[PDB]
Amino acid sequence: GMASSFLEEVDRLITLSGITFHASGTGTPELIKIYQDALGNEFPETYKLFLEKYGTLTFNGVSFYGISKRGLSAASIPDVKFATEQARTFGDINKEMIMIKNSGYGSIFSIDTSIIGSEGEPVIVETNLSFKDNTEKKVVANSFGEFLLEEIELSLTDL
């Protein structure tokens, strides 16, 4: 299914691609457990697969957050614990959301563990500057895996 074919597909696409993908490479089963416990969230299967294989992934300056090289000592994005804790402190996302991408000002992308898509995983939501005021979310992808594949596909057509 989608989750069992996810890593093969991402690799197939990175292989075809001639852009450089920057991956921390530092995700491990132990660190995945530690991040989930710290944030208070279960990570969806495609996100944990991504964490284990890539850790983080940045390409064309498009950055998908995760387990950075410094791990618990990360002091900036693209570490997902850093980003998520920070956003919660500032009210831009809540305790059920895991921040995974920030495409310029006022556009935050999260795994929403409270909103399930059609593949048994949490969807990706986009939230903006007024989230702390109105809590509105926009669904922008059916799962973490599908979101990442969509953005890598876009890189294969657009400069």
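Residue positions are given as counts along the sequence shown, with the first one as 1.
Asker: Ranking the modelled residues of this chain by C-alpha B-factor as given in the entry, is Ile34 in the lowest, middle or highest third?
Answerer: Middle third - that is where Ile34 ends up once the chain's C-alpha B-factors are sorted.
Asker: Which third, lowest, middle or highest, does the C-alpha temperature factor of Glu146 belong to within its own chain?
Answerer: According to the entry, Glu146 has a C-alpha B-factor in the chain's middle third.
Asker: Taking the chain's C-alpha temperature factors as the reference, tell me which third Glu121 falls into: lowest, middle or highest.
Answerer: It falls in the middle third of the chain.
Asker: Sorting the chain's CA B-factors, does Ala87 end up in the lowest, middle or highest third?
Answerer: Middle third by C-alpha B-factor.
Asker: Among the modelled residues of this chain, does the Cα B factor of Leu159 put it in the lowest, middle or highest third?
Answerer: It belongs to the highest third of the chain when residues are ordered by C-alpha B-factor.
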